[PDB]
């Protein structure tokens, strides 16, 4: 009946899923206590009924991308360029909109390696590799501007359409996947944030969809953990199915036999918990996927993984 459209998950195996916090495929499922850290990502956030939260948007190639025009080079460091940002879909950025930053803006501290490209009205073009430092005092996307750094010191034009394509980490300096940038810079609080998430029942931990992103030099697992894959967010946005309780019970199922491997709790706020203790990667059957079973409550006791 009206108000009771059945909730569903898309039929997608792990090799058919994308990270919602960096534009790469999912590599594995992962669980960890993250004891003492506040888990509050702003990309990859949606309710189960299809309301996108934080800085989350639908287009996979706009995750961690920037668009705008360069108004000036920094006089005393010609490696630095001031980018006046627009939205990644091309529309002007309205700082009065009730979001933390332009949709798709990176949600973690890092030196992000990527490429800055331009095309002029006469179709002359240029591109140069470089670094987006999301920890810099000049990373102020909510105010409309960020700094780009490049090895190139001359061949970028002012007042021409510009895009930043992210590739990975440049190095590990300042890298912390759970530390949010200060979107308006020094001494100013972030606004309109999606809330932090945590397990709320003893014996449970968050379950993440993990990718190991590229690193240009150094030592790191490159781990970026998202709460929901991008395809699930895209599915819920189209379906708009109401949530009648706080938690959907989901089961990882092999479709050819019906055998169920393990179960988990999918919370209406858009994250997963499992009964497990300790940090561990999981291996799933390549042909399996999560399926909706029933609606339960916050206090339902799961079978341990």
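Residue numbers count along the first chain shown, from 1.
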- Query: Do the CA atoms of 18-26 or those of 291-299 have the higher mean B-factor in the entry?
  - Reply: 291-299
- Which has higher Cα B-factors on average according to the PDB entry: 33-41 or 268-276? 33-41
- Task: Report the option among 229, 168, 218, 106 whose CA atom has the maximum B-factor in the deposited record.
- Result: 218
- Item | Residue with highest C-alpha B-factor in the PDB entry, from 222, 141, 181, 203 | 203
- Message: What third of the chain does residue 95 rank in for C-alpha temperature factor, lowest, middle or highest?
- Response: highest
- Item | Lowest, middle or highest third - CA B-factor, residue 157 | middle
- Task: Determine, from the deposited record, the chain-internal third of the Cα B-factor for residue 130: lowest, middle or highest.
- Result: middle
- Task: Among all modelled residues of this chain, ranked by Cα B factor, put residue 64 in the bottom, middle or top third, i.e. lowest, middle or highest.
- Result: lowest
- Query: When the modelled residues of the chain are sorted by Cα temperature factor, does residue 213 land in the lowest, middle or highest third?
  - Reply: lowest
